[PDB]
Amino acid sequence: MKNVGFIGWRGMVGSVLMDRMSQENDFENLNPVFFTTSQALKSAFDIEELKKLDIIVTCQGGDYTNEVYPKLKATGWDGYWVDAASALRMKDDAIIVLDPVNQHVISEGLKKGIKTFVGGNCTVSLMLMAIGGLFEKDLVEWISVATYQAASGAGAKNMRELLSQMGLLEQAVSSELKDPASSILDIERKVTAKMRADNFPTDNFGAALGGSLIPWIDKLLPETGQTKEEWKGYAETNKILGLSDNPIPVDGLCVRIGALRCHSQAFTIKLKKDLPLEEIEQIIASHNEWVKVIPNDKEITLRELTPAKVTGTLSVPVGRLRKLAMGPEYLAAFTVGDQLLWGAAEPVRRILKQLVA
């Protein structure tokens, strides 16, 4: 059994990997060694201890990676580096894993000697897991995206912040709400007053999220005007499909909203050739066992295509499918997926299972 080291396994992403791994009994086929950065198991900074491992899996973060990985690969270490952080995604000797979508690229990469596998951007992975079919048939000319992203993507303190915010917004009008005859306008004045107050907790987001939204995620890239988050759409989607040469356009706006862990995305997809909505649904649905096609019905869309629905599940629903007024080659689609699973922990857990088989 291959010897595997785990780093950053106590964090949020790491914690979800552990549980998922335990649920699938992944520890039964490998030799797990756990590291830590504490000075209170081995030290995640002990390059020699890491050198003895066949595989390393980090959920620690980009900083850890940029400091340790180079030193380690320097010693000649021939092992496999599995990372959830973005730090190494674009490198020439690294592949962005999402096996249900790019298994071919991964197999080829293994046979070619690639030793670094990096999980991809939550937004992009959730997108590919949803409309993989389209990309597999080369039916996608481009895709305009608009996202509704969960606080879990920014971090655990960001989730707590969102919750405190909602808490204070209701408490600001708790008595008025119980009164079935109170003024709705006066109530709104109050909640808005609190959202704007000094003591309203916004240190983590840098603005209110609860009862609002933030149409800006990550750093600004002066080059294209995009945000690092928006850029990853074009960049990571193609590298994952193994199409860096003739890249398919993927672009849009990444917006943060008041949800805990599911990212939702509205798509306008330019198909290269006009097909009947009916065929398209099968091409979408048959691609993988997770994507779920939700019929364009109201009660069903309200019960299946929402964060409340998919949170903490591996299901990736896609619905509201239909042709867009711009013509028959234009497709409308809306999807929901859990950020911590297919958007973080799952892909990593999946490439690990493969590496120790």
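The first residue of the shown sequence is 1; numbering continues from there.
Across the other entries compared, at least a third leave residue 40 without coordinates even though the residues on each side are present.
According to the record, the deposited sequence contains 10 or more residues between residue 40 and residue 41 that were left without coordinates.
The PDB entry reports B-factors from which the mean C-alpha value can be compared for 303-311 and 47-55; the larger average falls on 47-55. Per-stretch averaging of Cα B factors for 274-282 and 256-264 places 274-282 on top. Within the listed group 205, 81, 216, 142, the record reports its top CA B-factor for 142.
Within the group 244, 121, 165, 158, the record's highest C-alpha temperature factor is found at 244. Ranked against the other modelled residues of its chain, the C-alpha B-factor of residue 112 as given in the entry falls in the highest third.
Among all modelled residues in its chain, residue 228 ranks in the middle third by Cα B-factor. Among the modelled residues of its chain, residue 147 has a C-alpha B-factor that falls in the lowest third, as given in the PDB entry.
Ranked within its chain, residue 332 lands in the middle third, by CA B factor from the PDB record. In the PDB entry, residue 69 places in the highest third of its chain by CA B-factor.
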